[PDB]
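Trainee: Once you've had a glance at the structure underneath, I'll fire off some questions.
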Amino acid sequence: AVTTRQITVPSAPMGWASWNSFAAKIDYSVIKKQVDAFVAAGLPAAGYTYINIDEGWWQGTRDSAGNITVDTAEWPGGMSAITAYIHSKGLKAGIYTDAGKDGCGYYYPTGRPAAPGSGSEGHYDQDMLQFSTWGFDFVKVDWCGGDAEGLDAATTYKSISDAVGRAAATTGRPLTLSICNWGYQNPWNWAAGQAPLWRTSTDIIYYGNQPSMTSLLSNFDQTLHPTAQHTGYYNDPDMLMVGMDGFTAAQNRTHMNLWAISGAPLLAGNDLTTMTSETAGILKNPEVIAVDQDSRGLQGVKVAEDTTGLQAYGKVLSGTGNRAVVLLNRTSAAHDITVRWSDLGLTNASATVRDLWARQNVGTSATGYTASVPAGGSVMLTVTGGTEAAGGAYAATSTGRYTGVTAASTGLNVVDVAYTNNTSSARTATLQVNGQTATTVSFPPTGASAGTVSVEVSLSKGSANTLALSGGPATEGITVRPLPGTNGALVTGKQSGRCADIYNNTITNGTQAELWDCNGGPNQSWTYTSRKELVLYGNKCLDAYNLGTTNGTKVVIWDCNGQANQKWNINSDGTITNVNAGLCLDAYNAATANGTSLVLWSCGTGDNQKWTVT
Ligand SMILES: O[C@@H]1[C@@H](O)[C@@H](O)CO[C@H]1O
Ligand SMILES: O[C@@H]1[C@@H](O)[C@@H](O)CO[C@H]1O
Ligand SMILES: O[C@@H]1[C@@H](O)[C@@H](O)CO[C@H]1O
Ligand SMILES: O[C@@H]1[C@@H](O)[C@@H](O)CO[C@H]1O
Ligand SMILES: O[C@@H]1[C@@H](O)[C@@H](O)CO[C@H]1O
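If you count the sequence shown from 1, you need to add 44 to reach the deposited numbering.
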């Protein structure tokens, strides 16, 4: 049964932000009208809380003591006047700056002349204290000066995070940090613990363009980093285009569904003053919001794609035997899409299916569910009352170290970590799985009795997995359950004993595969499909670069495109051959060390061309 309670973790921010509809064309009156429409539409009761003032409020001016100064013709009463107005509505207020010396209003002016000086570098503590003193509850910290100056994102945002924490401690007003560095330098590796949210890609929409489902989907794909998100820390696929001109009701729901399955922030970006009744209702759907804001804090993942473009996404919800599912159709025709219990990490026992847009139960099954999905459309379900797959349970074999952890397959697993935190404040620890990049986990107050928080981790097939915690509360056991829909395999070189690896969890098209010490991370877990693809992160295909057909052709990751250069034969002699070329996956020069490049080469008997893929 349920025997140790699950501790609720903080949800992603919900609210509205000024960028998508106004660009830098903002002032007090713009924000006030949006606040009034937000309130009139009943957004606050649905959970929407933040009113975020984005680029355009500050032209880069400072007084002689280095204090940020604003133009009171645009901001009468100064910035504490607009925070007071927002607060008078029971809402929270957000502000915006840059990590560097000059901001995006300087580097990429959009609706205003360039604003030199519009960044916080050299003033992190001063500016963070200022924002907090003015009354801001949220700050979005952009990267235009960081990118321009050559700054290191990880160390820079750490310094910024420290200043955010000091500012909030001084004023007594909590300050929510949004890291906005567009997925540059792989923020999923380092942002959890520094901030509750971090941008995973470039902008969902550029001022002057129409909302695009293509852009939406690219942002969604780029946000999927399930080991990086947990315990109040979220991947951020960007501000919503819900309700913007050109998006249909169906596209608006699909936007909500995909953000909800990720557990993404819901920061509306439409013009609230002309918002339709239908759009308001789509933003406010409480069942969809409840999935987005799930107490367990986990990120949804792809669990099936039996036919290209016909996809099932699953999310592990709070409690036991509960799942949310999105069925998504990226093809040009309506098709049936099925989700199987086995893929969701449930046993073949009865569960109840509910449609979150119909707001009605639509069937039971002990095996799965199929719905017709329109071209470009999606269906949003929960599957509840199911039976969880059998877990492993483990006790620490040394201080903060769990060893001998078992996975039937390489792939993603849900770990519930038991602990007691009988104090009034959350504590953090560093978690490292095998030799993977470490992550930070937060442990909220439990009272006197133990509770669990959950994390998603990627493990290697077998019983040699380790989970090691440093710092934070003593833990009292872990539970481990697989998500079979995420199953993959290490591709291990016979000669080297090393694994096909994409450096440091990079997702960029054209990154070349290399040998690396096997660690079972997402950047090493390859799913071989019925279409002979070798798929990484659920959405990148092992690819012979530019359909190269000769010795030395680079083997890279690339968006899956159905071509022959992304198809691979796993041969009985241990070779892996590219279909287009007939050449063998090859560890270059028969080197065996970390960083050895993988290429295509004419097949022979050599062991740098031999692999295991189980
Ligand atoms: O990514 C941000 C966008 O969200 C808005 O803040 C304008 O500046 C860009 O750099
Ligand atoms: O964990 C990864 C490892 O697999 C390799 O890609 C080098 O970078 C580390 O972050
Ligand atoms: O179509 C190929 C693609 O598969 C990748 O190899 C990049 O180059 C393109 O020409
Ligand atoms: O034999 C290896 C071959 O497999 C390829 O890696 C190129 O270098 C050669 O020395
Ligand atoms: O980017 C490279 C990566 O490909 C790996 O080989 C280690 O060195 C880094 O500089």
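All residues carry an ideal CB built from backbone N, CA and C; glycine is no exception.
Beta-carbon separation of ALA324 and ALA61 under 9 Å?
Mentor: no
Trainee: Count the other CB atoms, across all protein chains shown, that sit within 10 Å of the CB of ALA492; report buried if there are 16 or more and exposed otherwise.
Mentor: Around the beta carbon of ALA492, fewer than 16 other beta carbons lie within 10 angstroms, which makes this residue exposed.
Trainee: Between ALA312 and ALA588, what straight-line distance do the alpha-carbon atoms span, to the nearest angstrom?
Mentor: 40 Å
Trainee: For the candidate residues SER569, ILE70, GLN337, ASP289, whose alpha-carbon lies nearest to that of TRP303?
Mentor: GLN337
Trainee: Could you give the DSSP three-state label for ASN253: helix, strand or coil?
Mentor: coil
Trainee: Quick one: any contact between the stretch 521-540 and the stretch 443-458, if contact means 3 or more CB pairs under 8 Å?
Mentor: yes
Trainee: Around the Cβ of residue 28, are there at least 16 other Cβ atoms within 10 angstroms (buried) or fewer (exposed)?
Mentor: For residue 28 there is no data in the structure shown, the boundaries of the chain being 45 and 658.
Trainee: From what residue to what residue does the alpha helix (DSSP H) around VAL79 run?
Mentor: 72-84
Trainee: What are the boundary residues of the alpha helix (DSSP H) that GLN568 is part of?
Mentor: Element bounds for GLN568: n/a, residue is neither H nor E.
Trainee: Going straight from the alpha carbon of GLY252 to that of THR472, what length do you get?
Mentor: Whole-angstrom Cα-Cα distance: 43 Å.
Trainee: Using 8 Å as the cut-off, classify the Cβ of residue 716 as near or not near the heavy atoms of ligand 4, replying yes or no.
Mentor: Residue 716 lies beyond the range of the chain shown here (45 to 658); nothing can be said about it.
Trainee: Shorter than 8 Å, the distance from the beta carbon of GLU558 to the closest heavy atom of ligand 5, or not?
Mentor: yes
Trainee: Quick check: the stretch 642-651 against the stretch 386-398, are there 3 or more CB pairs under 8 Å?
Mentor: no
Trainee: Could you give the DSSP three-state label for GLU322: helix, strand or coil?
Mentor: helix
Trainee: Beta strand (DSSP E) containing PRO526: first to last residue?
Mentor: 519-526
Trainee: Take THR467 and list the residues in its own chain whose beta-carbon comes closer than 7 Å to its own, dropping the five residues that flank it on each side.
Mentor: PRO489
Trainee: Starting from the C-beta of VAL360, find all residues in its chain whose C-beta is less than 6 Å away, skip the five residues before and the five after it, and write them out in chain order.
Mentor: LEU342, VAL458
Trainee: Keeping to the same chain, check which residues put their C-beta closer than 7 Å to that of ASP171; ignore five residues upstream and five downstream.
Mentor: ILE112, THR141, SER164
Trainee: Using the beta-carbon count (16 or more within 10 Å), is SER394 buried or exposed?
Mentor: exposed
Trainee: Can you list, in chain order, the residues of its chain whose CB lies under 6 Å from that of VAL208, leaving out five sequence neighbours each side?
Mentor: Once the five neighbours on either side are set aside, the close Cβ partners of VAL208 are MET172, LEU219, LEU221.
Trainee: For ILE551, which residues from the same chain have a beta carbon less than 7 Å from its beta carbon, with the 5 sequence-adjacent residues on both sides left out?
Mentor: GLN266, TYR581, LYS584.
Trainee: Does the Cβ of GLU322 have 16 or more other Cβ atoms within 10 Å, making it buried, or fewer, making it exposed?
Mentor: exposed
Trainee: Going by the C-beta, is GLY596 closer than 8 Å to any heavy atom of ligand 3?
Mentor: no
Trainee: Please say whether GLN78 and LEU316 have beta carbons closer to each other than 9 Å?
Mentor: yes
Trainee: To the nearest angstrom, report how far apart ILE601 and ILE381 are at their CA atoms.
Mentor: 27 Å
Trainee: Going by DSSP in three states, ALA437 sits in which element: helix, strand or coil?
Mentor: strand
Trainee: For a test of the three-state rule: what should DSSP assign to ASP186, helix, strand or coil?
Mentor: strand
Trainee: List the whole-angstrom C-beta distance separating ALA419 from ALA378, where the pair is believed to meet the contact cut-off of C-beta under 8 Å.
Mentor: 6 Å
Trainee: Apply the 10 Å Cβ neighbour rule to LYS69 and answer buried if 16 or more other Cβ atoms are within range, or exposed otherwise.
Mentor: exposed
Trainee: Which partner residues does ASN279 have in the DSSP bridge list?
Mentor: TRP242
Trainee: What three-state label does DSSP hand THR414 in the structure shown?
Mentor: strand
Trainee: Should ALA293 be labelled buried (16 or more other beta-carbon atoms within 10 Å of its own) or exposed?
Mentor: exposed
Trainee: For the stretch 291-318, which segments carrying the beta strand (DSSP E) assignment without a break, of at least 3 residues, lie completely within its bounds, in sequence order?
Mentor: Scanning the stretch 291-318 from its first residue to its last, the whole beta strand (DSSP E) runs of 3-plus residues come out as 310-312.
Trainee: In the stretch 524-608, which residue ranges form an unbroken beta strand (DSSP E) of at least 3 residues, counting only runs that do not cross its ends?
Mentor: Counting only runs of 3 or more residues that sit fully inside the stretch 524-608, the beta strand (DSSP E) segments are 543-545, 558-560, 578-580, 584-588, 599-603, in chain order.
Trainee: State the Cα-Cα distance for the pair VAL417 and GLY648, rounded to the nearest angstrom.
Mentor: 47 Å
Trainee: Grouping DSSP H, G and I as helix and E and B as strand, with all else coil, what is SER453?
Mentor: coil
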